[PDB]
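Chains as they are written, first to last, in the deposited numbering: chain C, 2 to 414; chain B, 2 to 414; chain A, 2 to 414; chain K, 2 to 414.
For reference, the structure is listed below as structure tokens.
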Ligand SMILES: O=C(O)[C@@H](O)C(O)[C@H](O)C(=O)O
Ligand SMILES: O=C(O)[C@@H](O)C(O)[C@H](O)C(=O)O
Ligand SMILES: O=C(O)[C@@H](O)C(O)[C@H](O)C(=O)O
Ligand SMILES: O=C(O)[C@@H](O)C(O)[C@H](O)C(=O)O
Ligand SMILES: [Cl-]
Ligand code: NA
Ligand SMILES: [Zn+2]
Ligand SMILES: [Zn+2]
Ligand SMILES: [Zn+2]
Ligand SMILES: [Zn+2]
């Protein structure tokens, strides 16, 4: 038996640390796709999360910033966020966790020496190194066929190795149909200006074609805080008449990341998005009215978190996942994971990395695993006190479900 | 006087665990009322909180589940939530706490043996046992005159034990007046199709009649997130012209449990209710415009909790109570109780059990007391460090107010 | 070298304790303004925060309360909140902390003796004593030219000493222009009936004249949950045509304190204000459309805190500050500071005292600094463990930024 | 590098735990030697250290105790020292650590179940199991040619396996020559009544004969607190004319375990020995006057420990080792190890187990490694603080010296 919390803590920490992770949502790509897979210290430092932060300190105008080279940008952020002020924020701390994990020494602050480490490795080598360090066995990518560069790679035979899984990202189709319908036509999908049977079948064809070419684990889309459903709009009709039925047929879950308010600050680029609390009505309707469809949902507002958990108690076809973007900070990750486990036990997916830069897998999982471990230790200790006798194998089992099995079990694969 | 956190913690925990509890809201009934009072391990396992949870895991269809016998359902839940996955959720932990409390040993996981304990015992007995273990001196029931079985009971003179108190629940009357008014007719209450003096006075008779028959400590109603007041609706009118004036006459408080969205998932039965954030406008209005009325309030949305505390700072005729339903989880209980004590001192009612099954009193109060004691220890220790000295007597006094006195003083009994 | 959390806790606690504080928002006044500057134990006990709290207990009518003398009220509150029940609330705790900090001993509960301390001392002496004990180097006041007593003081030549700075509060002008315009004309400002060039120019003259006279660090206003911008109202036009242009010319930041619902309980006086969640739309617009203007923002609703931080991530012309009013409680201060640091690093102002009574400076900063120090320890420890070198000089630098430099840096002074 | 004490601690603990141990003094025997190798829970419970302790509580006479069967003695000790009083003593704590280490569960206190674990294993199997758990690579036995049983095993040609090493124990020869000389004669060693050339040569012959048969890593003897040298006694002459000369020729060190006063309480058997402070004169003389001889020393009196460390500072032919018997308690092990490291760096052997029962290897080493690890963390931290940069490889090296290499390097094998 586990006679003390101290022994329980060590055992839980070991289980969590040893458990290979399936990162069900990232912005990483199989290395064979080429330069689109971003990596190295300069990429880590230029992560848009750090761009927003540096802009709060530097005198360098945003225009000037974008005009600088990748190396110059990295130098500026290093100086502004690490040298001039202690790198205490979550994103800055993450850069340090990566460096340390790669065997580099943050104590020297020798940026040139860190760069040299990367300059002598191939992408294939760095992916092997990182996946081993972060103990990540499977990476789910975000594949947007509407992006010209991504589309051409797929059309020209590019396929990911077994460690990388595809996910059909449909933001342009679902949120900008008025513009996107023209491109569908240019690609041979005869969508009409009237939402008729022809338009429905062609949008379905598009989805089916890409499902066949990508073999996605799920279809996804990020939605605004004003998201509602049903709705007489292109989004409402495409979801209802095309997406859901196609998803039901192939038994592919629909991933909705709700709460992002796009481009409140255009100049910042990828760092210019904001957040807003959403109504749960649209989500509630979808789960109740489409019982044969699977939905993976993560929300951006802190104020949506608790009710999202309650909604998960209502419908089994709802699998909530991760602590997304602005929620991906220790204070939030902790409260979210606790409310989730208290109302759902182990029937959820606590985290994903959303890694845009390869090395981030190291800090994203290291930082989150330590928090999730502390939650588990409290929960296990609580039942041990109630007289329950939890075993190490059961612990390893629960941990496997949280970090990998629940996802694969849900996507039905 | 106490001059160390060590001794302080000793005395606080002692006062808290020794303090006789008055559960000012439950779904239990004096044992003389018969079977309506649920109890035993099978009832604990089939609590709807656990029904919602098992459905997220089990392959069994909700139809087949409802088709199963009580025993069969319990066995399914025990297997799905306790054996196949660690029973870490608050609801599952609660069952274990209950068993351990009764002397049973969760370490064995011998569901059969646990079952035998209850068999060889009677309702009258188990109530004495449970009330002894949970150290609860008074239990406030939820008495719905609109329920047939329950109604006939009060009609036949059935009086509840002196340790069980009555609460007049009016959900059907205030939320479904249109369908309810017809039943009011059948009971000699001549309500008119229109809201005239005739209808107003008959609704009052209905209320006054039951107040006499039940001698309730308060009248209660659960409301939706969209609750508004004033409001040109039956609820708005019935509350304004009947409930309020009557309540003020008998000097009886009005308990409003706001935030529940009923039947979002009909098939789940009692486990099918959801939650939503409410506007404080209505409660603000009621408290201000009706100073001679006493209001007991509790809300279901995590996002309503802080402003409710602030509202309690504004109006003394407002007494906030407990961490209701989806709020009844350690993470929320802790933050709620701390915000409350920081802005209200000891002028609020920290908790109620909402027990639907007798034994639940054990875990409900055990889990809550441990959290409440911790909060008290920190707050006492903070003033202790400022030089203030607290006596054990003052501690028992304070603990008395929180777990029993504030309620009786508020209702005026 | 700082090579452990233990050593770090020491250095951080020391740094925070020794860092002189610039309180960028208070209701204190330079001693040479006389009466208006409140102080002593009777004033502390009658802080409106404690009034609201006593009214939740004392059966003394609010009318009677206001009818009695300062000392009578102080005696009642002390009796009701310190003797009748342990003074565990934040506001009561504060009273005790101020006493101890002054040398008085709360263990004795000798109110009479505490009073003798203040009786034999001048105002000039008490400010010197308090500013020293609270380690506060600069105090920003709230100067409302619409208050007859304050306005006449400025008009007659009253100037604050080196330690007190002015802040031009404009609530009457922006939120009550209909009644206020009549007073502007009485003072020579020819604002017309319709919002035309003449009205715009005179309102500007009004602001400019007062900017010359007070030389304020910033212009301020408290706003309701329903605040919006742009908006066709006097507030919206005054801000758009008058406030912003003037603020930009003199490079004076605009301080918006959003979320207060005034007078939901008029009888309580200053203690009768409530809170409500606001939309971020207005703030988002102001920041994006007026890049040459600087904004200081703090919000009253707990539910606005997280999204306000994200907004700060989008705009560098936004500087968020403090845990205002109902947010100024440990539980909230803690969660707010951690969310801010995690997403903003050190680019924010964690706190302000909002002191109405001089002595409060002692407890406001002592209670807050302890929480902020603990947050810092956690954040520094996280990067230390990640391999980062943290020097005592860098800690002092960061601490100095948070408690003083960020403010002066933002205001351009 | 090692940036923090927390990381240093993890690395030191790991190095220490992972380092295979050479236990240079035990009372264990290679399994092929027979039943002389004691093992199992009953042997653990009847360890003489526990016999002395039980006699302080039990009403059972020492005579009756010796009359009981081994199983009965074990039952009594378990009841008296573990059940009737908490097993907080070091020797009792040790029994528990062994049980836990073997996978058994101390929480059940099921002595019968623990016994079942041992009945199904063979000596050779338990040796493999224990050496693995305790991470002991090499064991030094105590081989007494004067014990009939053991002597026969050697005369038969039995050899210990590669994991076990011999040490020629000479207590009978050196301390009881008058009686022992008669046995030397029966064995062919023609020693005379007078200490002449013949006696000296036969004694030497006896030593050489056994050194050739055992190939001991050292010759050893336990001495009384009155030990002196030079000395005109059989011990002084045998050491001067036989032991030392032989030891030099074979380059074999002489181990002296000084401070034991034998049989102060005869009836207690092996548990009847006491302790006394010794003069350092004889050891000082031996070290200085016999520079070509190597000496391994350990002393029993707490009051001899510091001066022994200082003596090691004077002579390189002196190797001090372990915390012997009455010194083998946490409080002493810690103060000893700290004085030794502070005055000798890593030039000493911190510990040996003195295990009489096989399983004790588990607790002796587990208990000592944790203390030693703590001392090392402190010392490394102090030099890290002085700017030194210790590497993980240097730590492993230092650890190997302390737990293994220093010994083998000193005995030149
Ligand atoms: O980096 C991010 O998290 C965002 O910029 C987006 O990639 C977001 O995660 C999304 O998937 O839409
Ligand atoms: O179990 C519960 O708490 C709910 O299902 C209801 O009983 C709720 O508490 C209510 O009283 O409306
Ligand atoms: O005491 C308070 O904080 C309030 O009553 C107001 O002074 C508020 O701080 C404001 O500045 O409007
Ligand atoms: O168990 C013991 O440590 C003693 O009884 C002796 O074995 C002593 O260690 C010795 O070697 O003489
Ligand atoms: Cl909200
Ligand atoms: Na919290
Ligand atoms: Zn993403
Ligand atoms: Zn209820
Ligand atoms: Zn203020
Ligand atoms: Zn020995």
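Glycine included, C-beta positions come from ideal geometry on N, C-alpha and C.
8 Å contact criterion, which residue i and residue j should meet: CB distance rounded
i                     : j                     : result
residue 283 (chain C) : residue 229 (chain C) : 5 Å
residue 13 (chain C)  : residue 380 (chain A) : Incorrect: roughly 24 Å between the Cβ atoms, too far for contact.
residue 359 (chain B) : residue 192 (chain B) : About 37 Å; that fails the 8 Å criterion.
residue 189 (chain A) : residue 54 (chain C)  : Actually they are not in contact, since the Cβ atoms of residue 189 (chain A) and residue 54 (chain C) sit about 48 Å apart, beyond 8 Å.
residue 26 (chain K)  : residue 353 (chain K) : 4 Å
Closer than 8 Å to chain K by CB, residue i
i                    : result
residue 5 (chain C)  : no
residue 70 (chain C) : no
Proximity test, Cβ basis, 8 Å: residue i and chain C
i                     : result
residue 371 (chain K) : no
residue 261 (chain B) : no
residue 283 (chain B) : no
residue 1 (chain K)   : Residue 1 (chain K) lies beyond the range of chain K shown here (2 to 414); nothing can be said about it.
residue 408 (chain A) : no
Proximity test, Cβ basis, 8 Å: residue i and chain B
i                     : result
residue 324 (chain A) : no
residue 88 (chain A)  : yes
residue 307 (chain C) : yes
residue 250 (chain C) : no
residue 289 (chain C) : yes
residue 97 (chain A)  : yes
residue 273 (chain C) : no
residue 93 (chain A)  : yes
Cβ of residue i within 8 Å of any chain A Cβ
i                     : result
residue 85 (chain B)  : no
residue 143 (chain C) : no
residue 310 (chain K) : no
Classification of residue i by the beta-carbon crowding that lies within 10 angstroms, buried from 16 upward
i                     : result
residue 84 (chain C)  : exposed
residue 348 (chain C) : buried
residue 330 (chain A) : buried
residue 341 (chain B) : buried
residue 267 (chain K) : exposed
residue 250 (chain K) : exposed
residue 121 (chain A) : exposed
DSSP bridge partner residues for residue i (one or two, in chain order)
i                     : result
residue 23 (chain B)  : B:139
residue 130 (chain C) : Answer by DSSP bridge pairing: none, since residue 130 (chain C) is not bridged.
residue 144 (chain K) : K:169
Members of the region 329 to 362 of chain B that neighbour chain C once the beta carbon cut-off is set at 9 Å
330, 331, 332, 333 and 336
Short of 7 Å Cβ to Cβ, which residues in the region 107 to 129 of chain K face chain C?
Result list: 108.
With 7 Å as the limit, tell me which residues of the region 373 to 386 of chain B have their beta carbon closer than that to any beta carbon of chain A; keep them in chain order.
380, 381, 383 and 384
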